[PDB]
Structures are given as structure tokens and as C-alpha cells.
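S.K.: Counting the sequence shown from 1 gives a position; the entry's author numbering is that position plus 10.
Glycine is no exception: its CB is placed at the ideal position from the N, C-alpha and C atoms.
Got a structure for you, written out below as C-alpha cells; questions coming shortly.
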Amino acid sequence: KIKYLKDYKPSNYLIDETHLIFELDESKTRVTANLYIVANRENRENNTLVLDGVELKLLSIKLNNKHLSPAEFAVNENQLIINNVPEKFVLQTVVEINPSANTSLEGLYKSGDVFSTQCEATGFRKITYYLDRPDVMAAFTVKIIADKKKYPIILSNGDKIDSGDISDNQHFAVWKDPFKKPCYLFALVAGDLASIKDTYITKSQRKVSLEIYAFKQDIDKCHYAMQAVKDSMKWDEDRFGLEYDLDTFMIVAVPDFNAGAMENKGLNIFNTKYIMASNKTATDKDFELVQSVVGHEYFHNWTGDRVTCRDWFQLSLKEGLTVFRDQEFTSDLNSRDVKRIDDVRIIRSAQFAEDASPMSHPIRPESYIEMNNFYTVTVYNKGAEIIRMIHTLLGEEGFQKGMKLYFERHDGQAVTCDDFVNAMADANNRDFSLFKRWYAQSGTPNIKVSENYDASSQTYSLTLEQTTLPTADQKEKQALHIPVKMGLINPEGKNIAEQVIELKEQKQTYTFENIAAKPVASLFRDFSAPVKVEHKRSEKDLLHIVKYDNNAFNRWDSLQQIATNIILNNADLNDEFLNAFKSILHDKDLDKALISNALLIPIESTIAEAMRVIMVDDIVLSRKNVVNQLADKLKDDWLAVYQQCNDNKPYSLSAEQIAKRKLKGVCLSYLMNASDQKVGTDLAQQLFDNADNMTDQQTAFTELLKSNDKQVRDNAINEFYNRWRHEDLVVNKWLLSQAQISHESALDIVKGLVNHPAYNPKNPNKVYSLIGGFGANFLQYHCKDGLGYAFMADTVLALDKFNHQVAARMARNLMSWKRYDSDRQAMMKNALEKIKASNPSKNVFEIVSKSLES
Ligand SMILES: [Cl-]
Ligand SMILES: [Cl-]
Ligand SMILES: [Cl-]
Ligand SMILES: [Cl-]
Ligand SMILES: [Cl-]
Ligand SMILES: [Cl-]
Ligand SMILES: [Cl-]
Ligand SMILES: [Cl-]
Ligand SMILES: [Cl-]
Ligand SMILES: [Cl-]
Ligand SMILES: [Cl-]
Ligand SMILES: [Cl-]
Ligand SMILES: [Cl-]
Ligand SMILES: [Cl-]
Ligand SMILES: [Cl-]
Ligand code: NA
Ligand SMILES: [Zn+2]
Numbered sequence: 011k012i013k014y015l016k017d018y019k020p021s022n023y024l025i026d027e028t029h030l031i032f033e034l035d036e037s038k039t040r041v042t043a044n045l046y047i048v049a050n051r052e053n054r055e056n057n058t059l060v061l062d063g064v065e066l067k068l069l070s071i072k073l074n075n076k077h078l079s080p081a082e083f084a085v086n087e088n089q090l091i092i093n094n095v096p097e098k099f100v101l102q103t104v105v106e107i108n109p110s111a112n113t114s115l116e117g118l119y120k121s122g123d124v125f126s127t128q129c130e131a132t133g134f135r136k137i138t139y140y141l142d143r144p145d146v147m148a149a150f151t152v153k154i155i156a157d158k159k160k161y162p163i164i165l166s167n168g169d170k171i172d173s174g175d176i177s178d179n180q181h182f183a184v185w186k187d188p189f190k191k192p193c194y195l196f197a198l199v200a201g202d203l204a205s206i207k208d209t210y211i212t213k214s215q216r217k218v219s220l221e222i223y224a225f226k227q228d229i230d231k232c233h234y235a236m237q238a239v240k241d242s243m244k245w246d247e248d249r250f251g252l253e254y255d256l257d258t259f260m261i262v263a264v265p266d267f268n269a270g271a272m273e274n275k276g277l278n279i280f281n282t283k284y285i286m287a288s289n290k291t292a293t294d295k296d297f298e299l300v301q302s303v304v305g306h307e308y309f310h311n312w313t314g315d316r317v318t319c320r321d322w323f324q325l326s327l328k329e330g331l332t333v334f335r336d337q338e339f340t341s342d343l344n345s346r347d348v349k350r351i352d353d354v355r356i357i358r359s360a361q362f363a364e365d366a367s368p369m370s371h372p373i374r375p376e377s378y379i380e381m382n383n384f385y386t387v388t389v390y391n392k393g394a395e396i397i398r399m400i401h402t403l404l405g406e407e408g409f410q411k412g413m414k415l416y417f418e419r420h421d422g423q424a425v426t427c428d429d430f431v432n433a434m435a436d437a438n439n440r441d442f443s444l445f446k447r448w449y450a451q452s453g454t455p456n457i458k459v460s461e462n463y464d465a466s467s468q469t470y471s472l473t474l475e476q477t478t479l480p481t482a483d484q485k486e487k488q489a490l491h492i493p494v495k496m497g498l499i500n501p502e503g504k505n506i507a508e509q510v511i512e513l514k515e516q517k518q519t520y521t522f523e524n525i526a527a528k529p530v531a532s533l534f535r536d537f538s539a540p541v542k543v544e545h546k547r548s549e550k551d552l553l554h555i556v557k558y559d560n561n562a563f564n565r566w567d568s569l570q571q572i573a574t575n576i577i578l579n580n581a582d583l584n585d586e587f588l589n590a591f592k593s594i595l596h597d598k599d600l601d602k603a604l605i606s607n608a609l610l611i612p613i614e615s616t617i618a619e620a621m622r623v624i625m626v627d628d629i630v631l632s633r634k635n636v637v638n639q640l641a642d643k644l645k646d647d648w649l650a651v652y653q654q655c656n657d658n659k660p661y662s663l664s665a666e667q668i669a670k671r672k673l674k675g676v677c678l679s680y681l682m683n684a685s686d687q688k689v690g691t692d693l694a695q696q697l698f699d700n701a702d703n704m705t706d707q708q709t710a711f712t713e714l715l716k717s718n719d720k721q722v723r724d725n726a727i728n729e730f731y732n733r734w735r736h737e738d739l740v741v742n743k744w745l746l747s748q749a750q751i752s753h754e755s756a757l758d759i760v761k762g763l764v765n766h767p768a769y770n771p772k773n774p775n776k777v778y779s780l781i782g783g784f785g786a787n788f789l790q791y792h793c794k795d796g797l798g799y800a801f802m803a804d805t806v807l808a809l810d811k812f813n814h815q816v817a818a819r820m821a822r823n824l825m826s827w828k829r830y831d832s833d834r835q836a837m838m839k840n841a842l843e844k845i846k847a848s849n850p851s852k853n854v855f856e857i858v859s860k861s862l863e864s
């Protein structure tokens, strides 16, 4: 059954307050609930109450404290219906449920002697009868009764306003949350959990209790997360003017938590693997992700919990806004330019790929079948880009003026994507009617660039033309509102005419007077709009942008564009290119992490995205050639910058020490891609032995695996294993590193690894490490003898015995066959047909069949 956005009607009845009592038990948990309900003025076409409720044993029901007879209501499989209800009333229901029996991972469930919930999107209806929709928001008071011995920790949303014992062996706790919220943000947890408790003083001087809860064995690795909470809270105050709203803030970390992370109000819940970090084991990247994860969920407190989405089509606002915030948070406290490259790589890779597919859709669809239709890079990541485009148009000050007004209008409201744009429009005395078309329109726009200069009058004439092709979901298209952040660079190198211009039309020319010299244009700075850009121009024009442009992004972007075009032409390395490359390498006042990104030659899979028919062997040989040249010609430079980055300071998570370590790593990779590995190998071998952290040991190991000596690779494999048997997370990296070896024997090694006790095909994380890691090893997986495709078909069938979801994922490795040349395309299909013909599970049979028939 398809659900349509245009069908939205407000609920005819609303809930002001919700009072719950939980009497926890393994089998028969009792949920009494007092719903204080009122008729909704915006919808009064009938007086029937339709409550949602699933897998509920109804023991009792009273309206206005008086019992209802079987004739006065109806209970079906999915609802509870009551006719002719009053304008204002209280409805009490007692209900019984079985957490022990719940394997759906929604509502209340129990996994390893600990009660836990999950209510997004519609899991609350599996707890008691409710209006389980996000536009109904209520003030929650929640009592919890349970055994003291087994469940000493009993948590829910808000602040603990009352507590104590009862009977000979039980205790209770009351949690009040005074701010209206939708039920999908409701959470409950009860268990025997260790804790880290700490404090944070707010901007208005209030004392907020911080509390991370986890099992005894996990808690010691949760100390960095606490820091991420403090960084998150402070950044929101400093940049957004958003202060936390309760006296306590809790986190609960448990193994195998399905959602990964969830923004439950005052009580965020995470998978343990996403918030754990030890100094010995976590790399700089691991620490950055823990920060980002914790950040993102904290930011929902305002953008999601305090003001929520009206319906689930509005998910590009609930998450997109919070995603934009999390990527801004990470940008400020780390490197802006690198974070911004990483976010763009996703848009150019996955999002563009999704908008090119039959699955193409707008960020606010007009229809859906299941909730998983919304959980896409289009909705989340292109959603944030749209919010970022408004930041670009208004600037920081005016964007914050728009946030300020957004909360003024809509605190305690469930709202639409149009409501956000209106607040952003109205707070800055502006008209964003044409901009709203971004929410409705599907597909990637293509920007054709054309330009002309006049020597005498000193005028540059830039004309732009936006065209966006028909898609599967819709063929009718329009002229969007495109912000083009730009500048001009004259032959001197000065940056002139720096501003943001707008394209609100199919075609539009822009005139710049008083331009003494024919300039090269710096366009779409920081990827100002999510578009493809046709701008044909020479290598020297790009080399000028690489040399003199203020915009760090366009410097990286133009350099990656040159190196890519060199590879496709099978071309040798230019002389003027080498010297621009050299100067970037020795730049003393430029983010050293940004240097690392610009100097790393695009990986083969990225270059392949340029090609219509992926010529695999053309790519690898041409990239090996240029990487080898840079390694040899600038050999002294790589060595110099390595040893100037290879300092002797104690380990730290300062942005400078982090950036040093990765440029150091980039240098060391070029020393191994040299014709003589003598020098690089010695430096890698020492770093391996001397490193005082995982980031350096990971780098040392990775580069030691590029060694052409068999003894050198083997010993590092063993030496690394000997040290890190005891740490599973690190063993995964050991597998992944081996899987990624660039050498003939990569496949042989991976086959020896499946039989190794470090591997286990039942554990999905080890499958993504070894098998998914081999599928991402470009040269060796796509090896022309086809044994990588055959190894992939085999493993899919072996995995399918234990886990069908994992077997289906690993199968995606074979489903790109359309993109490749006839020889590899056929070997991929053979492998898909081999899977199909070996009687796999329904799941795998269906998916494999689908890509074969596509
Ligand atoms: Cl129990
Ligand atoms: Cl009862
Ligand atoms: Cl009554
Ligand atoms: Cl208390
Ligand atoms: Cl709408
Ligand atoms: Cl408007
Ligand atoms: Cl020109
Ligand atoms: Cl158009
Ligand atoms: Cl600007
Ligand atoms: Cl303009
Ligand atoms: Cl700039
Ligand atoms: Cl080829
Ligand atoms: Cl060292
Ligand atoms: Cl994977
Ligand atoms: Cl396997
Ligand atoms: Na109830
Ligand atoms: Zn989120």
C-alpha cells in the first residue's frame, strides 16, 4: 500500500500529556497509560478516536475514569477504535507485553538481561496504544518499577523527580520530561550497568549531570565519548546559541544495537562499537567518528526533538539539518577543508549515482511504500547540501537569524520543509519561493559554462546554463535557484571580485567591468551547489587555480581534475605540473591535512567513475606510472617532509598533530611507490617498531605491505598479529590490510585467511573486513583471470548458509557488470548466474536475479 504526501491530514485528536507506569518483567510487563486527549480544531470531521497498537494484550480500558464496555469500542490487529468521544478527556489503558519474545528490535525488548527500546519510526505502538505519528507531541511522565538486584539502573527521558523502594525486593523511579515530544523519541532502559558520571556548566550557569552507561567490560573505553559530549554541548552554545534544556543527559551503550545510534530525548542510545575508543587501539579517524556520532545525536535535541518533523516525508529536514550541523561541528573542531572534501566525495559518488539510477527521487518524495525508502543519501546527505546552500546565500549571521526565528515560531511543533525555508526567508527579508523547488525536483543538474572577454573595455562576460535531464520518477524539470560561490584570478595571482552570485534562470549572463587582465575563474567554491559542471579549460588555467586561488577546495578540485585527465590520456607527467605539485608539498601556511588530500592521486575506482566503459587495466597501469614518477622525481622532497612531520612529541588529538601524521603517511606511500624501496622500507620498518599509537602503526603496517620482498610482508603480518590477538577491532584491520595488498598473491592470502581462527563467517564485521575489503581491492578483485569474481560467488553461497543479509551485501560486489568491458562484465554475470543456479535463499536469489535482468 503506497502512502502519499498530498494525503496528509492533521490528527483529529491530540495528546497534551502522557503518563506511563512500567511494571517490568521478562514475560508479562504491564503498561498502564493515562492519555490526556483533546479534540483538534484543525480536523473535526468526525469524533472517532483511532489509536495505533500492535501485539498488545488489553487488560483494561477506562474513559474519564469510567470503564468502557465491549460495545463502546473495537480492538483489531493494528488499532483500537472508539466512537463519539468527548472534546476533552482522559483515557486510561492497562496493557501487557512480552519483551522476552520480541525479536523485531522495536518497542520494548530484552537482550542480555537488559530492557531497552527503539521507537523510530513506529515502534511505540508495540508498547501501549497511542497516536504513533510524529505530529502528535506530548509531555511525558514515566514511572518504572522493577527488581533491584537485576535492574538497579532504571532510566527514561528527562529528569528523575522521584525515587525509592517498595515491597521487600523492588524499587522505582519517576522520569519527567516537560517538553512536548513525539513518541518515536521515547526511550526506556533497565539493567545492571556501570557508569561514567560527570558535569557540564551551561551558558546560563545551570549544572547538567552527564551519564554514560555501559557494561563493566565496555565502560573503560567510553571516556572519549564523554569528552565528545562536552565538545558538542559547548559548540552548540558558542555557534548556534543552543543551550541544553534538562538537568541531566544520559547515554547508554549496548552491543549489537540495530539503529547504530538513536536521538532519544535526554537518553541517547548507541551501539558500543560506535562510541568506544582506547588510546592504544583507536586511530585518529576512529576518534573523529566517535565525536561526529555523539555530536550528531546531541544536535537532534533541538533539530528533531524540540522541533520535529510533521510527517516522514519531511525527513530531509529532521536529519538534513542535523547532518549539516554535525558536519559543521566536525569542520570547526578539526579540518574544514578535509571534512568538506569527504562530504562532497559522497555526493559525487553515491548521491549522483542514486539520482542516475531507477531509484532516483527528490529529497522530499511525494510517495513511499516502506520507511527504508527514506533512508538514502539523497534524503540525508543531499538534504544537508540544500541546508548548506541557504547558509551560502544568507551568510552565517543571517542563517543564525533564521535559526533563531525557526525555534521562535516552532518550539514544540512538528513542521514541514517549507516552514524551515520560510523562517530562513522571513528572518532575512528575502524571497525563497524558487529555492523551494529543490525539495520537489529529482536528479542532478548539469551546468554548462561559457565565457567571453573584451580586451579594450576590460569586461569579463560569464554565461551559465543549468539543464537537468528527465528521470524515472519524473520527466518534467525546471530552473532551480543555484548559488555560485566564486572569484576571479588575474595573471598576477590576486583574487578579485570575490562574491556569491545566483542562477535563478535557465540561462543567465553576468558582467564584470574594470577587469584589466583576462582572468581564470574560480567557480563553485566549496561545492556551493550539488551539480555537475561542464567547464572545458586548459591545464595551465587549472594550474593557475591550483597555484593562486584562495579557496582550498577548488585547489584540490582542480588538481584532482588535472591528475585524472593525465591518467586517461596515458600521458607522461608535465614539467609545470611537477613544480605546482612540489610547491603544494612545501607550503608552510596551509592545512597539512588538506595537503595530504591534494597530493594523494585519485584511487582507481574514482577515476573509473569518469569512464562509460571501465577499462580496468588501462586505469591501473597509467596510475602506477604517474605515482611511480612523482615518487622518483620528488624522492628527496618526500623524504624531507616525512622527517619534518616525523616529530618526537607525545601522542595528542590536536588538529596539527593529526594533520602531521597523515601528510607523514602520504610521504611514506610515495617512498614505497619509488623504484627503490630501500629508503621507504627502512623508515616504515622503524615507524612500525616505534609508533606509540594505532594511527602510526596502521600507516607503518600498510606501507610495509607494499614491500616487494616476501619476507618483509610476511613478518609484518605475523608481528602485527602477535601484538593484537587480544583486540578484535584491531584484528579486523589486520584482515582488511591483508585484503588490500597490491600483489598477485592477494587472493591466495585471503583464501588462507578464511580458514584462520581470526576469521569467522558468522561474524558480519569480519566479513566486511576480509571479503568486503577484497572487493574494494581494485586491481586484484578485478584481475583479468576472473578468479576474484569466482571467489566472490563461492563466498556468497557459503555466507548464505549462516546469514542471508550479509550474503546479499557481498553480492553487490558482482552487480555492477553494466559498467565494465565485455570480458569482466561476462565473468561477473557468470558468477551471478552461478549463485542463482546453486539454490540460494529467497533473499539472495531475488536480488541476484534482479541485477541479471536489469
Ligand atoms: Cl524480571
Ligand atoms: Cl488491570
Ligand atoms: Cl464520560
Ligand atoms: Cl529522585
Ligand atoms: Cl509539505
Ligand atoms: Cl519564501
Ligand atoms: Cl576567458
Ligand atoms: Cl531545466
Ligand atoms: Cl564570498
Ligand atoms: Cl546575481
Ligand atoms: Cl574562498
Ligand atoms: Cl582494460
Ligand atoms: Cl620512528
Ligand atoms: Cl562491506
Ligand atoms: Cl566465507
Ligand atoms: Na496501557
Ligand atoms: Zn539523525
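In the DSSP assignment, what residue or residues form a beta bridge with residue 605?
M.R.: The residue labelled residue 605 in the question sits at position 595 within the sequence shown. In DSSP, residue 605 forms no bridge with anything.
S.K.: Could you round the C-beta distance between residue 866 and residue 716 to whole angstroms and report it? I think they count as a contact, below 8 Å.
M.R.: The structure shown does not extend to residue 866, since the chain is modelled only from 11 to 864, so the question has no answer here.
S.K.: What does the alpha-carbon distance come out to for the pair residue 450 and residue 568?
M.R.: Within the sequence shown, the letter at position 440 stands for residue 450. Within the sequence shown, the letter at position 558 stands for residue 568. Roughly 32 Å separates the two Cα atoms.
S.K.: Is it buried or exposed for residue 56, if we count other Cβ within 10 angstroms and need 16 for buried?
M.R.: By one-based count along the sequence shown, residue 56 stands at place 46. Residue 56 should be labelled exposed.
S.K.: Tell me the DSSP bridge mates of residue 886?
M.R.: No answer is possible for residue 886: it lies beyond the span of the chain, which begins at 11 and ends at 864.
S.K.: Just curious, the beta strand (DSSP E) that residue 700 is in, first and last residue?
M.R.: What you label residue 700 is simply residue 690 of the sequence shown in a count that begins at 1. First-last for residue 700: 688 to 700, but that is the alpha helix (DSSP H), not the beta strand (DSSP E).
S.K.: Would you kindly check if the distance between the Cβ of residue 629 and the Cβ of residue 641 is under 8 Å?
M.R.: Here residue 641 refers to the residue found at position 631 of the sequence shown. Here residue 629 refers to the residue found at position 619 of the sequence shown. Cβ distance not < 8 Å, so residue 641 and residue 629 don't count as in contact.
S.K.: By how many angstroms is the C-alpha of residue 81 removed from the C-alpha of residue 250?
M.R.: Within the sequence shown, residue 250 is the residue found at index 240, counting from 1. Within the sequence shown, residue 81 is the residue found at index 71, counting from 1. Rounded to the nearest angstrom, the two C-alpha atoms are 54 Å apart.
S.K.: Would you mind stating whether residue 146 and residue 192 have Cβ atoms separated by less than 8 Å?
M.R.: Translated into the one-based positions of the sequence shown, residue 146 becomes position 136. Translated into the one-based positions of the sequence shown, residue 192 becomes position 182. In contact: residue 146 and residue 192 (Cβ atoms closer than 8 Å).
S.K.: Between residue 795 and ligand 12, is there a pair consisting of the residue's CB and a ligand heavy atom that are separated by less than 7 Å?
M.R.: The residue given as residue 795 occupies position 785 in the sequence shown. Outside the cutoff, so no.
S.K.: Taking 7 Å as the cut-off, is the CB of residue 508 close to at least one heavy atom of ligand 9?
M.R.: Stepping through the sequence shown from its first residue, residue 508 is reached at position 498. Correct: residue 508 has its Cβ closer than 7 Å to ligand 9.
S.K.: I need the straight-line Cα distance from residue 774 to residue 816, nearest angstrom please.
M.R.: Looking up residue 774 in the sequence shown gives position 764. Looking up residue 816 in the sequence shown gives position 806. In a straight line, the C-alpha of residue 774 is about 7 Å away from that of residue 816.
S.K.: Using three-state DSSP, classify residue 83 as helix, strand or coil.
M.R.: Translated into positions along the sequence shown, residue 83 becomes position 73. Note: residue 83 maps to coil in three-state DSSP.
S.K.: Which residues mark the beginning and the end of the alpha helix (DSSP H) in which residue 379 is found?
M.R.: Numbered from 1 along the sequence shown, position 369 holds the residue referred to as residue 379. It is not in any alpha helix (DSSP H) - residue 379 carries neither H nor E in the DSSP assignment.
S.K.: So, helix, strand or coil for residue 199, using DSSP?
M.R.: Residue 199 sits at position 189 when you count from the first residue of the sequence shown. Note: residue 199 maps to strand in three-state DSSP.
S.K.: Do residue 560 and ligand 11 come close, with the Cβ less than 7 Å from some heavy atom?
M.R.: The residue labelled residue 560 in the question sits at position 550 within the sequence shown. Yes, since a heavy atom of ligand 11 falls inside the 7 Å radius drawn around the Cβ of residue 560.
S.K.: How is the alpha helix (DSSP H) around residue 355 delimited, first residue to last?
M.R.: Position 345 of the sequence shown, counted from the first residue, corresponds to residue 355. Per DSSP, residue 355 belongs to the alpha helix (DSSP H) from 346 to 356.
S.K.: For the region 301 to 340, list the beta strand (DSSP E) runs that are entirely contained and at least 3 residues long, ordered along the chain.
M.R.: Listed in chain order, there is nothing to give.
S.K.: Considering only the beta carbon of each residue, do residue 517 and residue 456 sit closer than 8 Å?
M.R.: In the sequence shown, the residue the question calls residue 517 occupies position 507. In the sequence shown, the residue the question calls residue 456 occupies position 446. No, Cβ-Cβ distance for residue 517 and residue 456 is not below 8 Å.
S.K.: Who are the Cβ neighbours of residue 532 in its own chain at under 8 Å, not counting the five residues just before and after it?
M.R.: Here residue 532 refers to the residue found at position 522 of the sequence shown. For residue 532, where only same-chain residues beyond five positions count, the Cβ hits under 8 Å are 496, 497, 498, 499, 505, 555, 559, 560, 561 and 564.
S.K.: Comparing the CB of residue 654 with every heavy atom of ligand 13, is any distance shorter than 7 Å?
M.R.: If you number the sequence shown from 1, residue 654 lands on position 644. Flag unset: Cβ of residue 654 not near ligand 13.
S.K.: What is the residue span of the alpha helix (DSSP H) that residue 789 lies within?
M.R.: For the purposes of this step, residue 789 is identified with residue 779 of the sequence shown, where counting begins at 1. Start and end: 788 to 791.
S.K.: Given that a residue counts as buried once 16 or more other Cβ atoms are within 10 Å of its Cβ, and exposed if not, what is residue 113?
M.R.: As a position in the sequence shown, residue 113 is number 103, starting the count at 1. With fewer than 16 Cβ atoms within 10 Å of its Cβ, residue 113 is classed as exposed.
S.K.: Report yes if the C-beta of residue 398 is less than 7 Å from at least one heavy atom of ligand 11; otherwise report no.
M.R.: Counting from one through the sequence shown, the residue named residue 398 turns up at place 388. No, the beta carbon of residue 398 sits no closer than 7 Å to any heavy atom of ligand 11.
S.K.: Based on the DSSP output, what are the partners of residue 161 in its beta bridges?
M.R.: As a first step, residue 161 is located in the sequence shown; it is residue number 151 there, counting from the start. Beta-bridge pairing links residue 161 to no other residue.
S.K.: So, under 8 Å CB-CB, residue 265 and residue 291 are touching, yes? Tell me the CB distance rounded to an integer number of Å.
M.R.: Start at 1 with the first residue of the sequence shown, and residue 265 comes out as number 255. Start at 1 with the first residue of the sequence shown, and residue 291 comes out as number 281. 17 Å between Cβ atoms; not a contact.
S.K.: Among 584, 135 and 116, which one has its Cα closest to the Cα of residue 549?
M.R.: Counting from 1 along the sequence shown, the entry for residue 549 is found at position 539. The shortest C-alpha separation from residue 549 is found at 584.
S.K.: Mind checking who residue 23 pairs with in its DSSP beta bridge?
M.R.: One-based indexing of the sequence shown puts residue 23 at position 13. Beta-bridge pairing links residue 23 to 49.
S.K.: Inspect the CB distances between the region 791 to 802 and the region 757 to 764 and report whether three or more fall short of 8 Å.
M.R.: Touching, yes.
S.K.: What three-state label does DSSP hand residue 528 in the structure shown?
M.R.: As a working note, residue 528 is residue 518 in the sequence shown. Coil.
S.K.: Please name the residue or residues paired with residue 829 in a DSSP beta bridge.
M.R.: Within the sequence shown, residue 829 is the residue found at index 819, counting from 1. According to DSSP, which records beta bridges pairwise, residue 829 is partnered with nothing at all.
S.K.: What is the DSSP secondary structure of residue 216, reduced to helix, strand or coil?
M.R.: Here the question's residue 216 lines up with position 206 in the sequence shown. DSSP places residue 216 in coil when its eight states are reduced to three.
S.K.: Can you tell me which of the three DSSP states residue 147 falls into?
M.R.: Position 137 of the sequence shown, counted from the first residue, corresponds to residue 147. Strand at residue 147.
S.K.: How many angstroms separate the CA atom of residue 295 from the CA atom of residue 663?
M.R.: Indexing the sequence shown from 1 puts residue 295 at position 285. Indexing the sequence shown from 1 puts residue 663 at position 653. C-alpha separation (whole angstroms): 10 Å.
S.K.: Suppose you measure from the CA of residue 376 to the CA of residue 396; what does that come to, to the nearest Å?
M.R.: Within the sequence shown, the letter at position 366 stands for residue 376. Within the sequence shown, the letter at position 386 stands for residue 396. Computed Cα separation, rounded: 18 Å.
S.K.: Would you decide whether residue 166 is buried or exposed? Buried here means 16 or more other CB atoms lie within 10 Å of its CB.
M.R.: Against the sequence shown, residue 166 aligns to sequence position 156. It counts as buried.
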